[PDB]
């Protein structure tokens with residue numbers, strides 16, 4: 001029923017060290033219209049070097065000072081049961097817990113779709 005999302009810092013876990021961040025959102029339902037959206041709080045920044053499903057992000061999909069990634073459901077995305085976002089060699093922000101969100105926006109407007117998860121950065 002429920003859309004899920006999951007985040008990990010892959011190379012490391014500590015404030016101010018460098019790591020890839022993998023975030024995977026699955027809508028657990030069929031998609032046709034709208035756009036997939038990841039929402040980050042401050043401390044994270046997407047760029048056109050990051051990727052979703054093997055494609056580097058474009059400037060038009062990055063908003064909100066890098067904190068929001070919005071992907072219109074083009075043919076390449078419609079195939080997919082999941083949306084694997086990768087943030088490449090990011091400096092991790094200060095220790096704490098951080099809520100990272102996924103959803104489908106500009107859809108039919110009828111559906112679960114929201115999802116969210118906590119990513120924890122550890123003390124230095």
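Just a few scattered comments:
- Just so you know, in region 64-81 the residues that are in contact with a strand residue (DSSP E or B) (Cβ under 8 Å, 6 or more places away or on another chain) and surrounded by 14 or more Cβ atoms within 10 Å (Cβ to Cβ) include one that is nearest to residue 15 (Cα to Cα), and it is 67.
- Test: residue in region 68-79 that is more than 17 Å from residue 34 (Cβ to Cβ) and in a loop (DSSP other than H, G, I, E, B): no
- Among the residues of region 25-55, those identified as farther than 12 Å from residue 87 by Cβ, part of a strand (DSSP E or B) and out of contact with any helix residue (DSSP H, G or I) (no Cβ under 8 Å at 6 or more places or on another chain) are 25, 26, 35, 37, 39.
- Yes/no for residue 53 being at positive phi, surrounded by fewer than 17 Cβ atoms within 10 Å (Cβ to Cβ) and under 14 Å from the mean Cα position of the chain (by Cα): yes
For neighbour counting, all protein chains shown are included, and Cβ atoms are generated from backbone atoms with ideal geometry for every residue, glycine included. Throughout, read-outs are computed from the coordinates displayed, never taken from laboratory work.
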